[PDB]
Structures are given as structure tokens and as C-alpha cells.
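Asks: As a preliminary step, the opening chains of the complex are given here in situ:
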Amino acid sequence: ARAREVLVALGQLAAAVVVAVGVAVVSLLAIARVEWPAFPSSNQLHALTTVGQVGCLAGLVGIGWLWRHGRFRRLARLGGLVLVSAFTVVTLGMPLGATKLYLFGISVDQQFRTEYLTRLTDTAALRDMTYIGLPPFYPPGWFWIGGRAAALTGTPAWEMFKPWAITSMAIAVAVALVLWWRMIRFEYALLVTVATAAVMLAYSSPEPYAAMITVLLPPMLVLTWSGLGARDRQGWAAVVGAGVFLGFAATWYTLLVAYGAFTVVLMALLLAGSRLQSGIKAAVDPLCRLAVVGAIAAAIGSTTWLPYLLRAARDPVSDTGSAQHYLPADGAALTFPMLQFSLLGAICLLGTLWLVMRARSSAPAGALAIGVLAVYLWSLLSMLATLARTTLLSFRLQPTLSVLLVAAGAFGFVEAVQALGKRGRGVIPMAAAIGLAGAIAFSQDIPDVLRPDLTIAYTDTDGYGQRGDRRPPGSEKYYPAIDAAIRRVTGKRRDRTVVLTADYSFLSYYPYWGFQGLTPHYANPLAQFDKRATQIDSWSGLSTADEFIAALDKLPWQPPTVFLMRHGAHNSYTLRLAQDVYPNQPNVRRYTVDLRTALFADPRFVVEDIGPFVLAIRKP
């Protein structure tokens, strides 16, 4: 058919990936050579960020101006890719210029993310983050590539969480730009991708693998809508593209693949219901294309979900503490970003009005309208599914709603300027001035929306026993000695040791296994968190070393061989625990179990005191 334009599209996407990687590596390497002052205790970084993301917006205006008239038409595209990548990198990695940890440091939720990135760094295979022998549940897409990049190029996996997060976000933005200029004109592509990137950097920043899909949802929604409606010879490239995107998101983020599949099913149903006339021959074509999309998606996404569904087909999984047991305050109320007094609220209101008035006679507007409606239906469905003692995690779809509404708002701004620009001549400069002022006023609020994240990132001890605040380190400065003791006693590589700890930040830095994960929610259902916790709590009612060693040789699972406990309450070794009280708000409840210092009394234990911790290792 001589449709080589597919080859050109693949070449453009590969060039986007290469350019984003190059910019995000060079910029970060250059930044990390200056010894900047701490962000929470100096304005040096928050001013250089503003300078950078103003110089990367004036540059975009210049590039868009150049594209309108010029014989180049190719330096404009390269400049656009370079400038969106640089905008993302400067917005994020400049405030984090003196620290080595990502947002939130090693705190509440980064613990298991860093643990899984550390797991997939000393092994190529797919293994669970904590437990031993199990196939992984959480999608190992981002972490596998991060682990390969950290195993190849030196640096430990806790240290390749900031650079790889920023680089992945830059890749997502630079690929979203390539996806937009295939559909709409170049200037509109620049404006829309900059708006969506600026929103994701402010809202889906802490989790740098939901941000990629969050940015790529609008272009892929438009591409699927235009390609599910084609008739009998057209859009078969868009169908395969949407299927590939859903398969890619299956191994990258489960909530967003669920939402995307929901939206695609709604799109196919709406199209099939709409064209129910002209016989049934034309009313089934959207269903055939939906079948093809599903067939590609659940064969690209089965390279990571097959081991789990093969081992969980027979094993007694618990699944009564599922990861979707969060019902926070904002998870019991719909989100209306269109109506909040602020610039984001104004642009979301403009997007809502544009979608309402242009849904029926536009290709992007219809797709974005169906996306927003599916977001709201998903929210209502999760609220209703709380009856079935489960949730659909609808409170993580707020950033997605913001991104969709901001893309529609940029579209509506362009449409309005081009509509009321007929009744006059000097409106493009004034509209550009107002829009640039608004963009500069918003993009300097990114480091201030993320202020708690940056403060936590600057006051957490990294894996070198240092703080990014250049203050005395916390408790994490003893872990090197602890690991040296563990490796000296057992004599086995740290992939073969099972460690029972209460401070789960030891296993984030070091690739030891675990007998109990940090939280009941992000724990493998095959692991039987409840029964492990029951067995652990039973040990509190023991007093003899022989009884304890007999208990440690009767568990169905693999027993701990290294215990990292704390002093407590007149010769008892306290290990803090956790429990899922889901219907209630603090969905997790912490409680303490204590061992009475006589269990670890044999010639078959080696008990040492290192700082506050006591390290009882079972001698081989």
C-alpha cells in the first residue's frame, strides 16, 4: 500500500526517546556539579528554576514563531523536543539539586518503591520486592528498566531513583509531543503538550510512572477515537497503536490500564450504538476493532501478568487486604477542578465549556469528553463498589481529570482566540502576552506546590549516612555496619538471606529478603500477610530458646535467619507491626510485639548491639 508513514512515525518516536534521554542526562550531570545550597533553607534553587523554565517558554514561543514561516521545518521539531524535555528537567531536577533522593525521600510510600527498584537491580528476572519464591504483583515495567540502568552504570538503586524518574518523565513528555503533532498542527501541539506537562509535574509528580500514562492519555484517547470510528480500510494503524499503548500500560500501571480499558469500551459502545442504522453490518465494525485492540493489549501485557495468574491459579491467595482498600477524605467526594478560584480553575472551566459546545462536531473534543465522562463514571462506580468491601481507587484519578481538562482548556483557548480574532487584527499579540504571563505565573508555582515533598526529601538520610540538609544524620547511618555484620556472620550473598525487621528502610537500601512487608496493602496476595502476622504475634508468648527454634523450623514459609529488633521495656525486643483496618480512615493500624531476650539465648544465635538496634543472627 506504500504506507511508509508508519515507518516515519516509528522513526520520529525513536528520535523523541533519544533526544529526551540525551537532554535529561546532560542536564542532570551538569546540575550535579555545583554544590547548591539546600532548597528549604535558601532561595538560590527556587530562583534558578524560575529562570530555567522562563527561558524554556520564551524558547518555545520562538520555535512556534519560526515554524510558521521558514525553510527549515525540521529544526523547529528538534527544538520543540529539546525544549519540552529541558522544561521538564529544569522544573523538577533543579529544586532537587543538593539532595540525592526523589520527592518524599525514603518516607512513607517511597520505601517499597525503592525496595522494588533495588530488587530488580541485582537480578534480571521478575521477583517480588519483599517475599521469596513469589511472582510479582505490582507492575514491573518502570522498575525493570531502572534496575537495568542502575546495574549497568554503577550507582546503587536507591541513587538511581531521582535521575531515572526525571528522565522517564522527560521521555513521556517528548513522546506526547510527537503523538500530538501527528494529529493537530505544530503550534497547537506545542501548546497542548506544554500545558499537560506543566499539570503532571504539579500533580502526578510523586509517582513517576503514573505521570507517563497520565500525559499520554489525551493523545491516545484522541488517536483511539479517530481509528475506532473509521470504516473498513482506515485507522488500522490507530487501532494497533491503541492496543500497543494499552499493553504497555498493563505492564506499567494497573489503575490507569483499567481506566483506559473502561474508556475504550465506552467509546466502542457509543460508536456501535450511534451507527445502529444502515443495518448491522456497519454497527459491528467498532466491536471488531475493539476485539483487535483487546487481543493486542492482553498479549503484550501478559509478559508480566502470566507468572502471577499461573501461581495464583492454584495457591490459596488471601486478597482480603487488597491494594485498593484506600477510602480517604477525597475518595468520598467527586472532584470538580473546573470550579476552584485559581488559574488552573479558569483554564479547566474554559475546557469544560469548549467540550460542552464542541463535543458533537470535533474529533479531539468528543474523545476528551468521553474521557472526562468515564472518569466521573469510574468515581461513581468506586463509591458504589464500597458496598462490596472494595474500592476502585477513584481518588487517584484526580490528576488525570486535571490533565484532560487542561488539554481541553488549551484547545478552547486557541479556538476562542481564533474565533474572536476575526473581529479585529491586534488580538494575537495580546492573547499571547496574557497566555505567556499566565504560564509563567503558574510554572513558578510547581516548586511551591511540591514544597512538602521537597522538605521531606531534604531531611532524610540517604544510603551514605548523610542528609541533603547537611545536618547530622538520623538512624540510617548505622546500616553499613549492620550489613557488614550480617554478611560476616551468615557468609551467604544477600539474595539468600531472609531478614525480619521493623524498620523497613533497611531493606530498601539493601537487597535482603523479608518475612513481613512494610504495609498490608502493598503486599503480594500470595504471601498471606495475615497468617504471617499471626505467626509473628504468636512468638510473643514464648520463653525458651528451644521452643523458639522449634517454631522457626515448623513454618510453612521460609523462616527468618536475621532479626533486627529494638530495645524495649525491661529486656524485651520490640518489633513494630501493622494491620489493615480498612472500612476506617487510618486504613493501617500499628501495634507492637515483643520478644523476651531469652529466645535468642543459645550457641545457635549471634546477638550484637549496633546503635538502637539489636541484631540477632542465627548461626549457620
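Replies: Cool, the structure landed. Numbers count the residues shown, from 1 in each chain, chains lettered A, B, ... in the order given.
Asks: Which residue is the nearest non-sequential neighbour of residue A:391?
Replies: Among residues not flanking residue A:391 along the chain, residue A:324 sits closest, at 4.8 Å (C-beta to C-beta, 6 or more residues apart in numbering). In short, each C-beta sits where N, CA and C put it, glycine included.
Asks: which ones are touching that neighbour?
Replies: A:390-393 (C-beta atoms under 8 Å, 6 or more residues apart in numbering).
Asks: Excluding sequence neighbours, find me the nearest residue to the most centrally placed residue in chain A.
Replies: The residue lying closest to the centre of chain A (C-alpha atoms, centre = their mean) is residue A:209, at 2.9 Å. Closest residue to residue A:209 in three dimensions, ignoring its sequence neighbours and counting by C-beta to C-beta, 6+ apart: residue A:142, at 3.9 Å.
Asks: Let me know how buried that neighbour is, in neighbour terms.
Replies: 23 (other C-beta atoms under 10 Å).
Asks: what's the distance between the residue nearest to the centre of chain A and residue A:171?
Replies: Counting by C-beta to C-beta, to the nearest Å, the separation of residue A:209 from residue A:171 is 11 Å.
Asks: What's the local residue count around the nearest residue to residue A:581 once chain neighbours are set aside?
Replies: Using C-beta to C-beta, 6+ apart and skipping residues adjacent in sequence, the residue nearest residue A:581 is residue A:589, 4.9 Å away. The tally of other residues near residue A:589 (other C-beta under 10 Å) stands at 12.
Asks: contacting residues around residue A:394?
Replies: A:331, A:378-379, A:381-383.
Asks: try 7 Å
Replies: A:331, A:378-379, A:382 (C-beta atoms under 7 Å, 6 or more residues apart in numbering).
Asks: which one of those is nearest residue A:539?
Replies: residue A:331 (36.0 Å; C-beta to C-beta).
Asks: export the helix or strand harbouring residue A:367 as CSV, just CAs?
Replies: Secondary structure assignment for residue A:367, by DSSP states H and E: helix A:363-385. C-alpha atoms of helix A:363-385 as CSV (Å, rounded to 0.1, in the frame of the first residue of the first chain):
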residue,chain,number,x,y,z
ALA,A,363,-12.6,14.8,16.8
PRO,A,364,-10.5,15.8,19.8
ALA,A,365,-13.4,17.3,21.7
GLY,A,366,-15.5,14.1,21.5
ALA,A,367,-12.6,11.9,22.7
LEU,A,368,-11.8,14.2,25.6
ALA,A,369,-15.5,14.5,26.6
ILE,A,370,-15.8,10.7,26.7
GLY,A,371,-12.6,10.6,28.8
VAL,A,372,-14.0,13.0,31.3
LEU,A,373,-17.3,11.2,31.5
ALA,A,374,-15.5,7.9,32.0
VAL,A,375,-13.6,9.5,34.9
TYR,A,376,-16.8,10.5,36.6
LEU,A,377,-18.5,7.2,35.9
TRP,A,378,-15.4,5.5,37.4
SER,A,379,-15.7,7.7,40.5
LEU,A,380,-19.4,6.8,41.0
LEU,A,381,-18.7,3.1,40.4
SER,A,382,-15.9,3.1,43.1
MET,A,383,-18.2,4.8,45.5
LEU,A,384,-20.9,2.2,44.8
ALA,A,385,-18.4,-0.7,45.0
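Asks: Am I right that the residue nearest to residue A:581 sits in a strand?
Replies: Yes: when DSSP: H, G, I helix; E, B strand; the rest coil is applied, residue A:589 is found to be in a strand.
Asks: Tell me what it is bridged to.
Replies: Beta-bridge pairing for residue A:589 (DSSP bridges): residue A:579.
Asks: ok, so what distance separates it from residue A:321?
Replies: Residue A:589 is 12 Å from residue A:321, by C-beta to C-beta.
Asks: Touching both of those two, which residues are there?
Replies: Overlap of the contact sets of residue A:589 and residue A:321 (by C-beta under 7 Å, 6+ apart) is empty.
Asks: Could you list the buried residues of stretch A:332-347?
Replies: A:335, A:337-338, A:344-345, A:347 (16 or more other C-beta atoms under 10 Å).
Asks: while you're at it, add chain B from this line:
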Amino acid sequence: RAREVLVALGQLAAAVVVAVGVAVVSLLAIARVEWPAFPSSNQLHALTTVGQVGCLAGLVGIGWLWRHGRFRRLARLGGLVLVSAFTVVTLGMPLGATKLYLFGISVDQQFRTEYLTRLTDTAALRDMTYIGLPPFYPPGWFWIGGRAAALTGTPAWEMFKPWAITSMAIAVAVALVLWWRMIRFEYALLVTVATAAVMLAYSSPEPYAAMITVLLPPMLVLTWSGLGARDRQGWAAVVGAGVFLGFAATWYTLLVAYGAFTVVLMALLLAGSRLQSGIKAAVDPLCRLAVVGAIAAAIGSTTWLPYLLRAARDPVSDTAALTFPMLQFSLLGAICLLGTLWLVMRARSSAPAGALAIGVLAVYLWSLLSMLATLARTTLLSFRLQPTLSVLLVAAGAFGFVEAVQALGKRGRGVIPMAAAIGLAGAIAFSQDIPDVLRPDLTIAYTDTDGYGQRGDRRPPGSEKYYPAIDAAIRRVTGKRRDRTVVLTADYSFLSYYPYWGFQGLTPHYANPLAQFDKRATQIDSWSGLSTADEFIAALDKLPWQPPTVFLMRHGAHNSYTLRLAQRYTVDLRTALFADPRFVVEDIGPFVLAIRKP
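Replies: Below, chain B sits with the chains from the block before:
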């Protein structure tokens, strides 16, 4: 015109029946399941939000169905069902795990529950606490509540929540009926939903004042139309306004006073607007005002006559203003500002705008008259009128929003969907926040022991769990009916569960003016210093009132009993007083129940 009147009566009766049926069925279904508590989990707020969204979407569907007109009857029935269901879902879902209304049995719910418990064991009209007195507080809501709680066998402390929710739903349905008789159906639905939402947000703690707060806009407009007309026409709205004032006089005194004030203002303005046109048509509004006033007094006398026939010869010597809701910064502030603009720009050419403008002017005149009357050592309570002001301004804001949408739609046609979208978003964003503005009330409702001895959030109950034992002991020692023995306590939540006559009220501003609260308190403080057991019997029988027979008093230091009533202070009695071989003294926990046996 008997057909019009008969159809109006039929529609009002249908509204009452539909609201009752929907509220009862929904409340029973909700109470069937054992939901988690509100202060801990969020499973009840989520279901409240789902129900509200469903009801609002259904109302939009009904309004759309009205256009394609062949199902007008079904559209009206569905409208009534949906407004009633919206009210019931908004209130009774967060209170799905408890048996107490908002605030439970806290500061002011105690005498409301006490009066509902009074009017359940007897049908006549008597005071809530004191014996042998005619009631002062208007027993309209509580009488029907007592009949409903005595016919179905429910203890009267338990009928409070379902009866309050049902009454509020009935009020909303009747308001909707009045609106689609005055204006077109779609505007009726829209303004009824707006006023109902604001009423639920701000006037729910008092469920018999919210019945009338939601019914002031329709009746203001109806009375304005009924007094404005100058012919043999409009003689039915006059009777309707008179009957509404008579119904409000037995339901809520502050709002009947305010309504009579506003009606007098309306009649005066109408008479003075035609004074220079011949006095023949300048006194017609005054004649219609007199006809309104005769019916209102005739209907209010059935309740206020026993008190006034006794308060005319007895010692009756006892008893946040000026707010601007259109200037606050919220969605409500925006819609109230739009309503104020509409009232300013449309008062002289519209009847609803004129009526609502006169209502708001009356609210502010009342507010500025209360401040002046503070010089007279008294106030008109012009701080419980603020929810009324919010309701009036929101009704005006709904009218102004619709009229502005029409004016904008003169230039183009596609502004209707955009307005509908940004109005539905705002309606949902406000109505889903109602459980959060009532959060302190729900929190108190869930952490209060009910009449069975169990808290709402399944925690160890408080001291309200020994009451059944105290009751059994009293009814066994005295050997008489409950509403025959007078009880002197300072934990007044015992009398708000059981129909025992009291010797003292909670605070002086709840007591019956005929009750002489100050002299009773002085007599108790005189008992404080009494010496021996014989002096107690001597000084009990000299009281001009009915002396107590049962004393329910706690433990105190060094031979005291420490009644600890309020005026707040503490009064204690030496143990010697009850040591006579007449009183039966026994400890039922932290209490010392001393009953003067016959």
C-alpha cells in the same frame, strides 16, 4: 373556580402522601443494614454522595421529560418522589448507624426530646417539665410526633430522627407543589432544589423551623399576589396566606412573628403605592390583610389560648445579627450575590422579585430593630433569621441565574447546555458538602449514649446506661404512674427519656415563664443549708408548687450529695436529710436515688 381549588387541595394531599411514603420506605431500608460509624469510616459519606448525584440527575431527566409533553402526570409524580428522596438521602444516610438525631441529647436536644416524650404518653397540651402548667413552646411538630410514636409503639426518644426527616421531606414536597402552581414547572424544580439544599445545610439542627424556612418564599410570593389584586379575584391566596400563618403560629413562634411583620409591610406598601389614586382602592389591601389576620388568629388560638388565659393573672415576670451572606467567598456567596443583583434590577417589573425583595428588606429591618430594642433590655432573636435570609437569597439567585441564562440565550442558542453543565457541577459540588458542614453535629450524635445504653460508634457507653435500673426502682417504690411523680435531678437526660415530671429545667431560657424559675432555684439553694431530716420534710411541704418526691443526686465530698444544677453552680445536701425512716435511699451506680415513699 371550585375546580382550581379542589385540584390544589388534591395536589397538596398527594404531595404529603408521596413524601411520607418515600421517607418511610427509604428510612426502613437504610436501617435494615448495619453500617459503619460516620466519625471513623467514609462508607456513609460516599453513599450519600451517590444518592445525591442520582437524585439530581433524575431531576434533570424529569425536567427534560416535561418538554416532550405527553407524560405530564408522571413528570409531576417523579418530581415529588425525587425531591423527597433527595432530602431523605441527604440527611438519613449519614445518620444510618445511630438512633439519635443531630446533636444527640446535647445542650438543646434535651428539651426537644423531653417535649416529644411528654406529648407521647398524653394527648393533651401540657408543659415539657413543670406540672400543672400550660405549654409555652409551640406544640405542633411535637404533637404529631407523639401521635406517630404512640401509635407505632416506638419510644418517643427514637421517633425523633425518622419523624424529623419525614417532616422535612413533606415540607420540601409541599414547597414544590406551591412553586409549580405559581411558576413554570422547570423553574419550580430548580428553585425548590436550591432552597431545599440550603435548608438542609443550615436549618437541619432544628427540624420544625426548617419546615417553615423552606415554605417562606412560595408563601411570600403567593401573599404578594393575593394582596396586590383589587377585585373579587385573588381571594384564595388571601385565605392560603392566612392558613399558612395559622399553621406557623402553632409550629414556630419566631417565624410566625417575622411572617406577620412581613405581611404587614407588604400591605402597607401596597396601600401607600395607591394612596394618590382614590381611597376606594387604597384600602383593599388593608381589607385583605384583616381577612388574613382573622384566620391566622383563629388558627393560632387553639394553641395559644390555654397559656394566655393563665398568663393574664399570674406572675409571668420572666422570659450574630446583621449578617451579609452575599459577601462571603464561596459558591453560596456567588449565587446570593447574583440573587441580590436580580432583586435590584427586577423588583419593579416582576411579582416574585418584588415579594422576595420585601422579604429581604423585612429581614434587615428586623435585624436593625433588634439592636435598637437591646436598649429595652430585650432582643427579638434576630440571629436565627440568618438561615431564612440565605434561603430567600438563594431562591432569588436561582431566579436570577435562569433569567440571565435566557438573556444570554437571546444572543445565540447553545448557551443552555453550557449553563446546564456548569450548574450541575456547582449543584453537586455544594450538595455533596452538606455532610461536611454538619460534621460536628454528626460527631456529637455518634458519641452520645441513646436510651438503650449503647453509643453510635460502638464504644463503651457512658453514664446513661443505669437509667433503666433507676426507672425500675422509682416505679417500684412509688407504685404510681410515671406522669404523677415529680423528680429533682441535675442530669436532665433522664427526664428526656422517661415521662417524669420535673422540678427544674435546664436553663432559665427554656423554662416556662409561668414556672418561676428563679424562686425555685432560691428554694433549692435554701435547702442547701438545711440541717436535719425533719426540717427537710417540714420545708418540702411548704412549697407553693408541687414538691419533689424523687431525688436523683450524685456523690459528693464529706457527707454531701452534690445536686449541681445550673442557674452553672453546685448545690449539695447533707446526708442527714434523707436518713429519716421515710426516704428510700439506694445507689444505682454513680447516683444516689432517694425516693420519698408514701
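Asks: back to the buried residues of stretch A:332-347, now that we've got chain B?
Replies: Buried positions in stretch A:332-347, judged by neighbour count with 16 or more other C-beta atoms under 10 Å in any protein chain shown: A:332-338, A:344-345, A:347.
Asks: filter those down to the ones near chain B?
Replies: With the criterion set as C-beta under 7 Å from any C-beta of the partner chain, the members of the buried residues of stretch A:332-347 near chain B are A:332-334, A:336, A:338.
Asks: Residue A:7: which of these is nearest?
Replies: residue A:338 (41.1 Å).
Asks: Now do the same contact list for the residue of the stretch 51-200 of chain A found nearest chain B.
Replies: Ranked by C-beta to the nearest C-beta, the top residue of the stretch 51-200 of chain A for proximity to chain B is residue A:199, at 19.1 Å. Going by C-beta atoms under 7 Å, 6 or more residues apart in numbering or on different chains, residue A:199 touches A:402-403, A:406.
Asks: Drop anything exposed from those residues.
Replies: Neighbour counting with 16+ other C-beta under 10 Å marks A:402-403, A:406 as buried within these.
Asks: For these, could you give me a markdown table that also reports secondary structure?
Replies: Below are those laid out as a markdown table (three-state DSSP):
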| residue | secondary structure |
| --- | --- |
| A:402 | helix |
| A:403 | helix |
| A:406 | helix |
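Asks: so can I have a markdown table of those residues showing distance to chain B?
Replies: Below are those laid out as a markdown table (distance: C-beta to the nearest C-beta, whole Å):
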| residue | distance to chain B |
| --- | --- |
| A:402 | 15 |
| A:403 | 18 |
| A:406 | 16 |
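Asks: near chain B, which residues of chain A?
Replies: Close to chain B, as judged by C-beta under 7 Å from any C-beta, chain A has residues A:327, A:329, A:331-334, A:336, A:338-339, A:352-353, A:356-357, A:380, A:383-384, A:386, A:583-585.
Asks: Which of the residues you listed fall in helices?
Replies: Members of these lying in helices (criterion: DSSP state H): A:352-353, A:356-357, A:380, A:383-384.
Asks: Taking the residues you listed together, which two end up most distant?
Replies: Longest span within those, C-beta to C-beta: A:357 and A:384, 30.6 Å.
Asks: quick one: which of these two has more around it?
Replies: The neighbour count for residue A:357 versus residue A:384, taken as other C-beta atoms under 10 Å in any protein chain shown, is higher for residue A:357 (19 against 14).
Asks: Can you list which of the buried residues of stretch A:332-347 are found in strands?
Replies: Assignment to strands by DSSP state E places none of these there.
Asks: Which member of the ones next to chain B among the buried residues of stretch A:332-347 is positioned nearest residue A:492?
Replies: residue A:332 (48.6 Å).
Asks: ok, back up a step: torsion angles phi and psi at the residue of the stretch 51-200 of chain A closest to chain B?
Replies: When read as degrees, to the nearest 10, the backbone of residue A:199 gives phi -70, psi -40.
Asks: Distance check, it against residue A:351.
Replies: 11 Å.
Asks: Overlap of the contact sets of these two?
Replies: Contacts common to residue A:199 and residue A:351, judged by C-beta under 7 Å, 6+ apart, are residue A:406.
Asks: First-to-last residue distance for stretch A:458-468?
Replies: Stretch A:458-468 stretches 5 Å from its first residue to its last (C-alpha to C-alpha, to the nearest Å).
Asks: which of the residues in it are buried?
Replies: A:458-463, A:466-468.
Asks: now swap in stretch A:301-311 and tell me
Replies: Buried-residue list, stretch A:301-311, by 16+ other C-beta under 10 Å: A:301, A:304-305, A:307-308.
Asks: residues of whatever helix or strand residue A:294 lives in that come out buried?
Replies: Using DSSP H and E, residue A:294 sits in helix A:285-300. Buried residues in helix A:285-300, counted by 16+ other C-beta under 10 Å: A:285-286, A:289-290, A:293-294, A:296-297, A:300.
Asks: and of those, the nearest to chain B?
Replies: residue A:286 (25.5 Å).
Asks: what does stretch A:510-524 contact?
Replies: A:111-112, A:118-119, A:122, A:128, A:130-132, A:134, A:137-138, A:321, A:323, A:325, A:483, A:494-495, A:497-500, A:504, A:507, A:529, A:532-533, A:536, A:560, A:578-580, A:588.
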